[PDB]
$ cat data04.csv   # CSV, C-alpha atoms and all ligand atoms
chain,number,residue,atom,x,y,z
A,1,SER,CA,98.1,166.8,-85.5
A,2,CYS,CA,96.4,163.3,-85.3
A,3,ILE,CA,93.0,162.4,-86.9
A,4,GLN,CA,90.5,160.3,-84.8
A,5,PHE,CA,88.2,157.5,-85.6
A,6,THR,CA,85.0,158.2,-83.5
A,7,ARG,CA,83.8,154.5,-83.4
A,8,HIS,CA,87.2,152.9,-82.6
A,9,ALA,CA,86.9,152.5,-78.8
A,10,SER,CA,83.3,151.1,-79.1
A,11,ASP,CA,84.4,148.7,-81.9
A,12,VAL,CA,87.4,147.5,-79.7
A,13,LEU,CA,85.0,146.9,-76.8
A,14,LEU,CA,82.5,145.0,-79.0
A,15,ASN,CA,85.3,142.7,-80.2
A,16,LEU,CA,86.6,142.1,-76.7
A,17,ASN,CA,83.0,141.1,-75.8
A,18,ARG,CA,82.9,138.7,-78.8
A,19,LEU,CA,86.2,137.2,-77.5
A,20,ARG,CA,84.6,136.8,-74.0
A,21,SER,CA,81.4,135.1,-75.4
A,22,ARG,CA,83.6,132.6,-77.3
A,23,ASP,CA,85.9,132.1,-74.3
A,24,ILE,CA,88.9,133.3,-76.4
A,25,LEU,CA,92.1,134.4,-74.5
A,26,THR,CA,90.2,134.6,-71.1
A,27,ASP,CA,92.8,134.2,-68.4
A,28,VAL,CA,90.9,134.4,-65.1
A,29,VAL,CA,87.8,132.8,-63.4
A,30,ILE,CA,85.9,135.0,-60.9
A,31,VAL,CA,84.1,132.9,-58.3
A,32,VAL,CA,81.0,134.4,-56.8
A,33,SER,CA,79.4,132.0,-54.3
A,34,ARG,CA,78.7,128.8,-56.5
A,35,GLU,CA,78.9,130.8,-59.8
A,36,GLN,CA,82.0,131.1,-62.1
A,37,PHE,CA,82.7,133.9,-64.6
A,38,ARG,CA,85.5,133.8,-67.2
A,39,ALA,CA,87.0,137.1,-68.2
A,40,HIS,CA,90.1,139.0,-69.4
A,41,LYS,CA,92.2,140.4,-66.5
A,42,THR,CA,93.0,143.6,-68.6
A,43,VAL,CA,89.3,144.4,-69.1
A,44,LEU,CA,88.5,143.8,-65.4
A,45,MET,CA,91.4,146.2,-64.4
A,46,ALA,CA,90.3,148.8,-66.9
A,47,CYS,CA,86.7,148.9,-65.4
A,48,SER,CA,87.3,148.2,-61.7
A,49,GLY,CA,89.4,149.8,-59.0
A,50,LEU,CA,89.3,146.4,-57.1
A,51,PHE,CA,90.5,144.3,-60.1
A,52,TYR,CA,93.1,147.0,-60.9
A,53,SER,CA,94.5,146.6,-57.3
A,54,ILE,CA,94.4,142.8,-57.5
A,55,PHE,CA,96.1,142.3,-60.8
A,56,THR,CA,98.9,144.9,-60.1
A,57,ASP,CA,99.8,142.9,-57.0
A,58,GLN,CA,103.1,140.9,-57.8
A,59,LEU,CA,101.6,137.7,-56.3
A,60,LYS,CA,97.9,138.0,-57.3
A,61,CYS,CA,98.7,139.0,-60.9
A,62,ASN,CA,99.5,135.3,-61.5
A,63,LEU,CA,96.4,133.7,-60.1
A,64,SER,CA,94.0,132.0,-62.5
A,65,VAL,CA,91.1,132.0,-59.9
A,66,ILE,CA,89.8,134.9,-57.8
A,67,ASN,CA,87.2,134.4,-55.1
A,68,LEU,CA,85.0,137.3,-54.2
A,69,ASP,CA,83.6,138.2,-50.8
A,70,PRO,CA,80.7,135.7,-49.9
A,71,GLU,CA,78.3,138.7,-49.5
A,72,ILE,CA,78.6,139.4,-53.3
A,73,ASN,CA,75.5,138.4,-55.2
A,74,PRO,CA,76.2,136.4,-58.5
A,75,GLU,CA,73.5,138.3,-60.4
A,76,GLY,CA,74.8,141.7,-59.4
A,77,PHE,CA,78.3,140.6,-60.6
A,78,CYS,CA,76.9,139.2,-63.9
A,79,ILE,CA,75.1,142.6,-64.6
A,80,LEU,CA,78.4,144.5,-63.8
A,81,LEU,CA,80.6,142.1,-65.9
A,82,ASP,CA,78.1,142.6,-68.9
A,83,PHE,CA,78.4,146.5,-68.3
A,84,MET,CA,82.3,146.2,-68.4
A,85,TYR,CA,82.2,144.6,-71.8
A,86,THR,CA,79.3,146.6,-73.4
A,87,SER,CA,78.8,150.0,-71.6
A,88,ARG,CA,75.2,148.8,-71.0
A,89,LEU,CA,73.8,148.5,-67.5
A,90,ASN,CA,70.7,146.3,-66.9
A,91,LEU,CA,69.5,148.4,-63.9
A,92,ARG,CA,66.0,147.3,-62.5
A,93,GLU,CA,64.0,147.9,-59.4
A,94,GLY,CA,64.6,144.3,-58.3
A,95,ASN,CA,68.4,144.4,-58.7
A,96,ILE,CA,69.4,148.0,-58.0
A,97,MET,CA,70.4,147.3,-54.4
A,98,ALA,CA,72.6,144.3,-55.3
A,99,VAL,CA,74.1,146.2,-58.3
A,100,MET,CA,75.0,149.3,-56.2
A,101,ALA,CA,76.6,147.1,-53.4
A,102,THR,CA,78.6,145.0,-56.0
A,103,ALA,CA,79.7,148.3,-57.8
A,104,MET,CA,80.9,149.8,-54.5
A,105,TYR,CA,82.9,146.6,-53.7
A,106,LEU,CA,84.3,146.5,-57.3
A,107,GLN,CA,85.1,150.3,-57.1
A,108,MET,CA,83.1,151.2,-60.3
A,109,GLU,CA,82.4,154.9,-59.4
A,110,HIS,CA,80.2,155.8,-62.4
A,111,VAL,CA,77.8,152.8,-61.7
A,112,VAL,CA,77.7,153.7,-58.0
A,113,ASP,CA,76.8,157.3,-59.0
A,114,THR,CA,73.8,156.3,-61.3
A,115,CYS,CA,72.5,153.8,-58.7
A,116,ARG,CA,72.5,156.5,-56.0
A,117,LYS,CA,70.7,158.9,-58.4
A,118,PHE,CA,68.0,156.2,-59.4
A,119,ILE,CA,67.4,155.3,-55.7
A,120,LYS,CA,67.1,159.0,-54.7
A,121,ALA,CA,64.4,159.5,-57.5
A,122,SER,CA,62.2,156.6,-56.0
B,1,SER,CA,65.8,148.2,-71.1
B,2,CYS,CA,69.5,148.9,-70.3
B,3,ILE,CA,71.0,152.4,-69.7
B,4,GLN,CA,74.3,153.3,-71.3
B,5,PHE,CA,77.4,155.2,-70.1
B,6,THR,CA,78.6,157.1,-73.2
B,7,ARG,CA,82.2,157.5,-72.1
B,8,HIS,CA,82.7,153.8,-71.0
B,9,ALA,CA,84.4,152.4,-74.1
B,10,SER,CA,86.8,155.4,-74.4
B,11,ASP,CA,87.7,155.2,-70.7
B,12,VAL,CA,88.3,151.4,-71.0
B,13,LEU,CA,90.7,152.1,-74.0
B,14,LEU,CA,92.4,154.9,-72.1
B,15,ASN,CA,93.1,152.5,-69.2
B,16,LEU,CA,94.3,149.7,-71.5
B,17,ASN,CA,96.8,152.3,-73.0
B,18,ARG,CA,97.9,153.2,-69.5
B,19,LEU,CA,98.6,149.4,-68.8
B,20,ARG,CA,100.6,149.3,-72.1
B,21,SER,CA,102.7,152.4,-71.2
B,22,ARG,CA,103.5,150.8,-67.8
B,23,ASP,CA,104.1,147.3,-69.4
B,24,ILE,CA,101.4,145.8,-67.2
B,25,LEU,CA,99.9,142.4,-68.2
B,26,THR,CA,101.5,142.7,-71.8
B,27,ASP,CA,101.7,139.1,-73.1
B,28,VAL,CA,103.3,139.4,-76.5
B,29,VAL,CA,106.3,141.1,-78.3
B,30,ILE,CA,105.8,142.1,-81.9
B,31,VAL,CA,109.2,142.1,-83.7
B,32,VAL,CA,109.4,144.5,-86.7
B,33,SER,CA,112.9,144.4,-88.2
B,34,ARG,CA,115.3,145.3,-85.3
B,35,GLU,CA,112.4,146.9,-83.3
B,36,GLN,CA,110.3,145.3,-80.5
B,37,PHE,CA,106.8,146.3,-79.4
B,38,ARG,CA,105.1,144.9,-76.3
B,39,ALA,CA,101.3,144.7,-76.3
B,40,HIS,CA,98.2,142.8,-75.1
B,41,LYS,CA,97.1,140.0,-77.5
B,42,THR,CA,93.3,140.8,-77.0
B,43,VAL,CA,93.8,144.5,-78.0
B,44,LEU,CA,95.8,143.5,-81.1
B,45,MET,CA,93.0,140.9,-82.1
B,46,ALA,CA,90.2,143.5,-81.5
B,47,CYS,CA,92.0,146.0,-83.9
B,48,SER,CA,93.5,143.8,-86.6
B,49,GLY,CA,92.3,141.0,-88.8
B,50,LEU,CA,95.8,139.7,-89.0
B,51,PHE,CA,96.3,139.4,-85.2
B,52,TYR,CA,92.8,138.0,-84.9
B,53,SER,CA,93.8,135.2,-87.2
B,54,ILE,CA,97.2,134.6,-85.5
B,55,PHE,CA,95.9,134.5,-81.9
B,56,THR,CA,92.8,132.2,-82.7
B,57,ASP,CA,95.3,129.7,-84.2
B,58,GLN,CA,95.6,126.8,-81.7
B,59,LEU,CA,99.5,126.8,-82.0
B,60,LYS,CA,100.2,130.6,-82.5
B,61,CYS,CA,97.8,131.6,-79.6
B,62,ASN,CA,100.6,130.4,-77.2
B,63,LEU,CA,103.6,132.3,-78.8
B,64,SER,CA,105.1,135.1,-76.7
B,65,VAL,CA,107.0,136.5,-79.8
B,66,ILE,CA,105.5,137.3,-83.3
B,67,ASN,CA,107.8,138.3,-86.1
B,68,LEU,CA,106.3,140.4,-88.9
B,69,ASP,CA,107.1,140.3,-92.6
B,70,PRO,CA,110.6,142.0,-93.2
B,71,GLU,CA,108.9,144.5,-95.6
B,72,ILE,CA,107.0,146.1,-92.6
B,73,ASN,CA,108.4,149.4,-91.5
B,74,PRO,CA,108.8,149.8,-87.7
B,75,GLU,CA,107.5,153.4,-87.7
B,76,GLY,CA,104.3,152.5,-89.7
B,77,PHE,CA,103.8,149.7,-87.1
B,78,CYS,CA,104.4,152.1,-84.1
B,79,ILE,CA,101.8,154.6,-85.5
B,80,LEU,CA,99.3,151.8,-86.0
B,81,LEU,CA,99.9,150.3,-82.5
B,82,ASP,CA,99.3,153.8,-81.0
B,83,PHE,CA,96.1,154.1,-83.0
B,84,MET,CA,94.9,150.7,-81.7
B,85,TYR,CA,95.2,151.9,-78.1
B,86,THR,CA,94.0,155.5,-78.6
B,87,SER,CA,91.7,155.9,-81.7
B,88,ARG,CA,94.2,158.6,-82.8
B,89,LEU,CA,96.1,158.2,-86.1
B,90,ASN,CA,99.4,160.2,-86.7
B,91,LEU,CA,98.9,160.4,-90.5
B,92,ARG,CA,101.5,162.7,-92.2
B,93,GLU,CA,102.7,163.2,-95.8
B,94,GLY,CA,106.1,161.5,-95.0
B,95,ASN,CA,104.5,158.4,-93.4
B,96,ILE,CA,101.1,157.8,-95.3
B,97,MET,CA,102.6,155.2,-97.7
B,98,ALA,CA,104.2,153.2,-94.9
B,99,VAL,CA,101.0,153.5,-92.7
B,100,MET,CA,98.7,152.4,-95.6
B,101,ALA,CA,100.9,149.4,-96.5
B,102,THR,CA,101.2,148.4,-92.8
B,103,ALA,CA,97.4,148.8,-92.3
B,104,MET,CA,96.7,146.6,-95.4
B,105,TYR,CA,99.1,143.9,-94.0
B,106,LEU,CA,97.5,144.1,-90.5
B,107,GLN,CA,94.0,144.1,-92.0
B,108,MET,CA,92.8,147.4,-90.4
B,109,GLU,CA,90.1,148.3,-92.9
B,110,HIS,CA,89.1,151.8,-91.5
B,111,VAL,CA,92.8,153.0,-91.5
B,112,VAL,CA,93.2,151.7,-95.1
B,113,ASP,CA,90.1,153.6,-96.1
B,114,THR,CA,91.3,157.0,-94.7
B,115,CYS,CA,94.8,156.5,-96.2
B,116,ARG,CA,93.2,155.9,-99.7
B,117,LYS,CA,91.0,159.1,-99.2
B,118,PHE,CA,94.0,161.3,-98.1
B,119,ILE,CA,96.2,160.0,-101.0
B,120,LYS,CA,93.4,160.6,-103.6
B,121,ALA,CA,93.0,164.3,-102.3
B,122,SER,CA,96.8,165.0,-103.0
C,1,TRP,CA,87.3,160.4,-88.9
C,2,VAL,CA,87.4,163.8,-87.1
C,3,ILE,CA,89.9,166.5,-86.0
C,4,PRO,CA,90.0,165.7,-82.2
D,1,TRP,CA,74.1,158.0,-68.9
D,2,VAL,CA,71.6,157.7,-71.8
D,3,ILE,CA,68.8,155.6,-73.2
D,4,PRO,CA,70.7,153.7,-76.0
E,1,LIG,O1,85.8,153.6,-60.8
E,1,LIG,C1,86.9,153.1,-61.2
E,1,LIG,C2,87.2,152.4,-62.5
E,1,LIG,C3,88.7,152.2,-62.3
E,1,LIG,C4,89.6,151.6,-63.2
E,1,LIG,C5,91.0,151.5,-62.8
E,1,LIG,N1,92.0,151.0,-63.7
E,1,LIG,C6,93.1,151.7,-64.1
E,1,LIG,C7,93.4,153.0,-63.7
E,1,LIG,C8,94.6,153.5,-64.2
E,1,LIG,CL1,95.0,155.1,-63.6
E,1,LIG,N2,95.4,153.0,-65.0
E,1,LIG,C9,95.1,151.7,-65.5
E,1,LIG,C10,94.0,151.1,-65.1
E,1,LIG,CL2,93.6,149.6,-65.7
E,1,LIG,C11,91.4,152.0,-61.5
E,1,LIG,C12,90.5,152.6,-60.6
E,1,LIG,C13,89.1,152.7,-61.1
E,1,LIG,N3,88.0,153.2,-60.4
E,2,LIG,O1,89.6,145.8,-90.1
E,2,LIG,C1,89.5,144.9,-89.3
E,2,LIG,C2,89.6,145.0,-87.7
E,2,LIG,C3,89.3,143.6,-87.3
E,2,LIG,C4,89.2,143.0,-86.0
E,2,LIG,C5,88.9,141.6,-85.9
E,2,LIG,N1,88.8,141.1,-84.6
E,2,LIG,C6,87.6,140.4,-84.2
E,2,LIG,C7,86.5,140.2,-85.0
E,2,LIG,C8,85.5,139.5,-84.5
E,2,LIG,CL1,84.1,139.2,-85.5
E,2,LIG,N2,85.4,139.0,-83.2
E,2,LIG,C9,86.4,139.2,-82.4
E,2,LIG,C10,87.6,139.9,-82.8
E,2,LIG,CL2,88.8,140.2,-81.7
E,2,LIG,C11,88.8,140.8,-87.1
E,2,LIG,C12,88.9,141.4,-88.3
E,2,LIG,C13,89.2,142.7,-88.4
E,2,LIG,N3,89.3,143.5,-89.6
E,3,CL,CL,82.0,152.6,-63.7
E,4,CL,CL,90.8,150.1,-88.5
$ encode --input "data04.csv" --output "structure tokens"
Amino acid sequence: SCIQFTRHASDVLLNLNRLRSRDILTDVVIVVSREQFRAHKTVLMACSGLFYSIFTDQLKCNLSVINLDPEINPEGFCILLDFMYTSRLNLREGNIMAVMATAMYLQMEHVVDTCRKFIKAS
Amino acid sequence: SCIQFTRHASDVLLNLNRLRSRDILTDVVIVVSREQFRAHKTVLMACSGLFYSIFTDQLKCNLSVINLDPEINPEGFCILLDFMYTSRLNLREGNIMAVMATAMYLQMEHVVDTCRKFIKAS
Amino acid sequence: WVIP
Amino acid sequence: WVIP
């Protein structure tokens, strides 16, 4: 018999993104080639099958630095990290291939699905 | 020119609640009288003006245990912690006064607003 | 607020 | 997915 506040989840995500922009309580650095991205492990786990696997591992859960596969494009990662914290995906003709490949590696099934649909249309 | 995934914020919150139920990456214990509640500092900050103030404080940001004011009812806190992680508020005739008082202390303005509306109706 |  |  609960009541529900419709905007609550969106408002929580907006505040987590504000914490990220101000580098508050970030507990991991994701290294993609020369580029570094600060984030919250819990947000990464909630969005990605790959980060979920990494941070539930008894040894990796304690690492402050995670290095991604050298094939991963920093721009594709940046677009996906922004999507994790906002629900908004900056999908463009010039980045769609790098975004789909990064989403497949990160195991973000809904992003992979929209990339496959957008590629099929063109 | 971004696209948006409607269910993303709700799905993120659902996964953060799953991490909470399994005690994964919880980094703080909230003590309310004899009762203890494990949570994620970032989720508490995103939902509460009080926890936002506590965990942005250069000294308190590093505490693993936070003791609430002895006037705070553990049941009222539990209902509010569940709301933070689910958007669902278990508001009942028998708990509304304890929920409103706890939401005022935690600075959760939308919960305070619905409690005032529900009390006014009765 | 809604009835979910 | 939608146009926000
Ligand atoms: O496409 C995706 C997105 C995703 C997220 C998570 N993260 C969780 C899943 C569960 Cl059941 N509990 C907790 C968490 Cl944080 C796992 C796999 C995938 N695949
Ligand atoms: O009723 C409320 C809910 C709430 C949440 C937060 N938390 C934040 C606010 C900002 Cl601007 N950036 C980041 C965070 Cl985590 C502060 C005050 C209140 N009052
Ligand atoms: Cl996804
Ligand atoms: Cl609220």
$ closest_residue --input "data04.csv" --among "B:86, B:122, B:95, B:58" --to "chain C" --atoms "all atoms listed in the file"
B:86
$ residues_around --input "data04.csv" --residues "residue 44 in chain A" --least-positions-apart "5" --cutoff "10 Å" --atoms "all atoms listed in the file" --output "list in words"
residues 28, 39, 49, 50, 51, 52, 54, 55, 81, 84, 85 and 106 of chain A; 12 of chain B
$ closest_residue --input "data04.csv" --among "A:103, A:78, A:65, A:111" --to "chain B" --atoms "only C-alpha atoms"
A:111
$ interface_residues --input "data04.csv" --of "chain B" --to "chain D" --cutoff "8 Å" --atoms "all atoms listed in the file" --output "tab-separated table (two decimals) with C-alpha atoms, in the coordinates of the input"
chain	number	residue	atom	x	y	z
B	2	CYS	CA	69.50	148.90	-70.30
B	3	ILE	CA	71.00	152.40	-69.70
B	4	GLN	CA	74.30	153.30	-71.30
B	5	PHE	CA	77.40	155.20	-70.10
B	6	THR	CA	78.60	157.10	-73.20
$ calpha_fit_and_write --input "data04.csv" --fixed "chain B" --moving "chain A" --output "JSON list (two decimals) with C-alpha atoms, keeping the file's coordinate frame"
[["chain", "number", "residue", "atom", "x", "y", "z"],
["A", 1, "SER", "CA", 65.74, 148.19, -71.12],
["A", 2, "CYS", "CA", 69.48, 148.92, -70.31],
["A", 3, "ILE", "CA", 70.96, 152.43, -69.66],
["A", 4, "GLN", "CA", 74.36, 153.31, -71.31],
["A", 5, "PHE", "CA", 77.37, 155.14, -70.16],
["A", 6, "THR", "CA", 78.56, 157.18, -73.25],
["A", 7, "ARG", "CA", 82.27, 157.47, -72.11],
["A", 8, "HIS", "CA", 82.73, 153.82, -71.01],
["A", 9, "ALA", "CA", 84.41, 152.36, -74.13],
["A", 10, "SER", "CA", 86.81, 155.39, -74.42],
["A", 11, "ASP", "CA", 87.64, 155.17, -70.67],
["A", 12, "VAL", "CA", 88.34, 151.34, -71.04],
["A", 13, "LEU", "CA", 90.64, 152.08, -73.99],
["A", 14, "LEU", "CA", 92.49, 154.86, -72.11],
["A", 15, "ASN", "CA", 93.14, 152.47, -69.21],
["A", 16, "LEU", "CA", 94.33, 149.69, -71.48],
["A", 17, "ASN", "CA", 96.77, 152.28, -72.96],
["A", 18, "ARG", "CA", 97.95, 153.20, -69.42],
["A", 19, "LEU", "CA", 98.53, 149.44, -68.81],
["A", 20, "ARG", "CA", 100.56, 149.25, -72.10],
["A", 21, "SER", "CA", 102.74, 152.34, -71.20],
["A", 22, "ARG", "CA", 103.55, 150.75, -67.81],
["A", 23, "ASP", "CA", 104.14, 147.32, -69.39],
["A", 24, "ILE", "CA", 101.36, 145.83, -67.18],
["A", 25, "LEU", "CA", 99.87, 142.40, -68.24],
["A", 26, "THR", "CA", 101.45, 142.64, -71.80],
["A", 27, "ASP", "CA", 101.75, 139.10, -73.07],
["A", 28, "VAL", "CA", 103.30, 139.38, -76.54],
["A", 29, "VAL", "CA", 106.34, 141.06, -78.27],
["A", 30, "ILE", "CA", 105.88, 142.08, -81.94],
["A", 31, "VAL", "CA", 109.19, 142.13, -83.79],
["A", 32, "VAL", "CA", 109.44, 144.49, -86.69],
["A", 33, "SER", "CA", 112.91, 144.35, -88.27],
["A", 34, "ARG", "CA", 115.27, 145.30, -85.25],
["A", 35, "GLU", "CA", 112.39, 146.94, -83.28],
["A", 36, "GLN", "CA", 110.30, 145.27, -80.48],
["A", 37, "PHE", "CA", 106.79, 146.28, -79.36],
["A", 38, "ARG", "CA", 105.06, 144.93, -76.24],
["A", 39, "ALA", "CA", 101.31, 144.68, -76.35],
["A", 40, "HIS", "CA", 98.16, 142.84, -75.17],
["A", 41, "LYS", "CA", 97.12, 140.01, -77.55],
["A", 42, "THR", "CA", 93.35, 140.84, -76.92],
["A", 43, "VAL", "CA", 93.79, 144.47, -78.02],
["A", 44, "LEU", "CA", 95.78, 143.45, -81.13],
["A", 45, "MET", "CA", 92.97, 140.93, -82.09],
["A", 46, "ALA", "CA", 90.27, 143.49, -81.47],
["A", 47, "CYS", "CA", 91.93, 146.03, -83.92],
["A", 48, "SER", "CA", 93.52, 143.76, -86.54],
["A", 49, "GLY", "CA", 92.23, 141.05, -88.84],
["A", 50, "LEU", "CA", 95.87, 139.65, -89.00],
["A", 51, "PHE", "CA", 96.33, 139.49, -85.18],
["A", 52, "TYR", "CA", 92.79, 138.07, -84.85],
["A", 53, "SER", "CA", 93.80, 135.20, -87.26],
["A", 54, "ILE", "CA", 97.11, 134.64, -85.47],
["A", 55, "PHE", "CA", 95.90, 134.48, -81.93],
["A", 56, "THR", "CA", 92.85, 132.22, -82.76],
["A", 57, "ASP", "CA", 95.28, 129.69, -84.21],
["A", 58, "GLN", "CA", 95.63, 126.75, -81.62],
["A", 59, "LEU", "CA", 99.45, 126.79, -81.97],
["A", 60, "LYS", "CA", 100.17, 130.54, -82.44],
["A", 61, "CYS", "CA", 97.85, 131.59, -79.59],
["A", 62, "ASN", "CA", 100.64, 130.43, -77.22],
["A", 63, "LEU", "CA", 103.58, 132.24, -78.69],
["A", 64, "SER", "CA", 105.15, 135.06, -76.70],
["A", 65, "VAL", "CA", 107.01, 136.49, -79.82],
["A", 66, "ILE", "CA", 105.58, 137.28, -83.26],
["A", 67, "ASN", "CA", 107.80, 138.30, -86.15],
["A", 68, "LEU", "CA", 106.31, 140.41, -88.87],
["A", 69, "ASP", "CA", 107.10, 140.34, -92.57],
["A", 70, "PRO", "CA", 110.61, 142.02, -93.17],
["A", 71, "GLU", "CA", 108.94, 144.54, -95.57],
["A", 72, "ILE", "CA", 107.01, 146.06, -92.58],
["A", 73, "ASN", "CA", 108.37, 149.42, -91.53],
["A", 74, "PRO", "CA", 108.83, 149.84, -87.66],
["A", 75, "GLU", "CA", 107.50, 153.41, -87.75],
["A", 76, "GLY", "CA", 104.37, 152.50, -89.65],
["A", 77, "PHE", "CA", 103.72, 149.72, -87.05],
["A", 78, "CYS", "CA", 104.39, 152.11, -84.11],
["A", 79, "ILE", "CA", 101.81, 154.66, -85.57],
["A", 80, "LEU", "CA", 99.23, 151.78, -86.01],
["A", 81, "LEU", "CA", 99.90, 150.29, -82.50],
["A", 82, "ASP", "CA", 99.38, 153.89, -80.99],
["A", 83, "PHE", "CA", 96.03, 154.12, -83.09],
["A", 84, "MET", "CA", 94.89, 150.67, -81.63],
["A", 85, "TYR", "CA", 95.25, 151.93, -78.10],
["A", 86, "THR", "CA", 94.00, 155.56, -78.55],
["A", 87, "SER", "CA", 91.76, 155.88, -81.70],
["A", 88, "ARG", "CA", 94.27, 158.55, -82.83],
["A", 89, "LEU", "CA", 96.15, 158.21, -86.10],
["A", 90, "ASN", "CA", 99.37, 160.25, -86.64],
["A", 91, "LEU", "CA", 98.90, 160.41, -90.46],
["A", 92, "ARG", "CA", 101.55, 162.67, -92.28],
["A", 93, "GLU", "CA", 102.72, 163.20, -95.79],
["A", 94, "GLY", "CA", 106.02, 161.50, -94.96],
["A", 95, "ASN", "CA", 104.47, 158.35, -93.46],
["A", 96, "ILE", "CA", 101.18, 157.87, -95.29],
["A", 97, "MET", "CA", 102.59, 155.29, -97.70],
["A", 98, "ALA", "CA", 104.17, 153.16, -94.94],
["A", 99, "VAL", "CA", 101.01, 153.51, -92.75],
["A", 100, "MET", "CA", 98.64, 152.41, -95.58],
["A", 101, "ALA", "CA", 100.90, 149.36, -96.48],
["A", 102, "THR", "CA", 101.22, 148.32, -92.73],
["A", 103, "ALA", "CA", 97.35, 148.77, -92.30],
["A", 104, "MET", "CA", 96.66, 146.58, -95.35],
["A", 105, "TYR", "CA", 99.03, 143.85, -93.99],
["A", 106, "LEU", "CA", 97.47, 144.16, -90.47],
["A", 107, "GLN", "CA", 93.91, 144.11, -92.03],
["A", 108, "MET", "CA", 92.80, 147.43, -90.37],
["A", 109, "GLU", "CA", 90.08, 148.38, -92.95],
["A", 110, "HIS", "CA", 89.11, 151.79, -91.52],
["A", 111, "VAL", "CA", 92.81, 153.01, -91.57],
["A", 112, "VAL", "CA", 93.24, 151.67, -95.11],
["A", 113, "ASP", "CA", 90.07, 153.60, -96.12],
["A", 114, "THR", "CA", 91.27, 157.04, -94.71],
["A", 115, "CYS", "CA", 94.76, 156.57, -96.23],
["A", 116, "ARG", "CA", 93.25, 155.92, -99.67],
["A", 117, "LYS", "CA", 91.00, 159.01, -99.27],
["A", 118, "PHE", "CA", 94.01, 161.30, -98.12],
["A", 119, "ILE", "CA", 96.19, 160.05, -101.03],
["A", 120, "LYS", "CA", 93.36, 160.60, -103.58],
["A", 121, "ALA", "CA", 92.98, 164.28, -102.30],
["A", 122, "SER", "CA", 96.78, 165.01, -103.00]]
$ residues_near_ligand --input "data04.csv" --ligand "ligand LIG 1 (chain E)" --cutoff "7 Å" --atoms "all atoms listed in the file" --output "number ranges by chain"
A: 42, 45-49, 52, 107-110; B: 15-16, 18-19
$ write_last_selection --input "data04.csv" --atoms "C-alpha atoms" --output "CSV table (one decimal), in the frame of the given file"
chain,number,residue,atom,x,y,z
A,42,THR,CA,93.0,143.6,-68.6
A,45,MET,CA,91.4,146.2,-64.4
A,46,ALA,CA,90.3,148.8,-66.9
A,47,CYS,CA,86.7,148.9,-65.4
A,48,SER,CA,87.3,148.2,-61.7
A,49,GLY,CA,89.4,149.8,-59.0
A,52,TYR,CA,93.1,147.0,-60.9
A,107,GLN,CA,85.1,150.3,-57.1
A,108,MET,CA,83.1,151.2,-60.3
A,109,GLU,CA,82.4,154.9,-59.4
A,110,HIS,CA,80.2,155.8,-62.4
B,15,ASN,CA,93.1,152.5,-69.2
B,16,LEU,CA,94.3,149.7,-71.5
B,18,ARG,CA,97.9,153.2,-69.5
B,19,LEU,CA,98.6,149.4,-68.8
$ atom_distance --input "data04.csv" --atom1 "atom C8 of ligand LIG 2 (chain E)" --atom2 "CA of residue 23 in chain A"
12.6 Å
$ closest_residue --input "data04.csv" --among "B:13, B:121, B:43, B:59" --to "ligand LIG 2 (chain E)" --atoms "all atoms listed in the file"
B:43
$ closest_residue --input "data04.csv" --among "A:73, A:21, A:36, A:26" --to "chain B" --atoms "all atoms listed in the file"
A:26
$ atom_distance --input "data04.csv" --atom1 "CA of residue 31 in chain B" --atom2 "atom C1 of ligand LIG 2 (chain E)"
20.7 Å
$ closest_residue --input "data04.csv" --among "A:90, A:114, A:17, A:33" --to "ligand CL 3 (chain E)" --atoms "all atoms listed in the file"
A:114
$ atom_distance --input "data04.csv" --atom1 "CA of residue 88 in chain A" --atom2 "CA of residue 56 in chain A"
26.4 Å
$ closest_residue --input "data04.csv" --among "A:35, A:11, A:89, A:105" --to "ligand CL 4 (chain E)" --atoms "all atoms listed in the file"
A:11
$ decode --input "data04.csv" --residues "range 15-32 of chain B" --atoms "C-alpha atoms" --output "PDB file, in the first residue's frame"
ATOM      1  CA  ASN B  15      20.270  -1.925  -8.988  1.00  0.00           C
ATOM      2  CA  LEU B  16      21.504   0.344  -6.175  1.00  0.00           C
ATOM      3  CA  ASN B  17      18.718  -1.135  -3.972  1.00  0.00           C
ATOM      4  CA  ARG B  18      19.855  -4.692  -4.964  1.00  0.00           C
ATOM      5  CA  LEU B  19      23.430  -3.733  -3.904  1.00  0.00           C
ATOM      6  CA  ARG B  20      22.009  -2.450  -0.575  1.00  0.00           C
ATOM      7  CA  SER B  21      19.975  -5.669   0.098  1.00  0.00           C
ATOM      8  CA  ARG B  22      23.159  -7.756  -0.547  1.00  0.00           C
ATOM      9  CA  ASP B  23      25.335  -5.331   1.530  1.00  0.00           C
ATOM     10  CA  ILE B  24      27.598  -4.649  -1.534  1.00  0.00           C
ATOM     11  CA  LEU B  25      29.849  -1.528  -1.461  1.00  0.00           C
ATOM     12  CA  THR B  26      27.890  -0.064   1.540  1.00  0.00           C
ATOM     13  CA  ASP B  27      30.287   2.411   3.198  1.00  0.00           C
ATOM     14  CA  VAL B  28      28.375   3.790   6.209  1.00  0.00           C
ATOM     15  CA  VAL B  29      26.273   2.604   9.190  1.00  0.00           C
ATOM     16  CA  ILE B  30      23.500   4.937  10.359  1.00  0.00           C
ATOM     17  CA  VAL B  31      22.777   4.377  14.070  1.00  0.00           C
ATOM     18  CA  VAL B  32      19.209   5.205  15.202  1.00  0.00           C
TER      19      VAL B  32
END
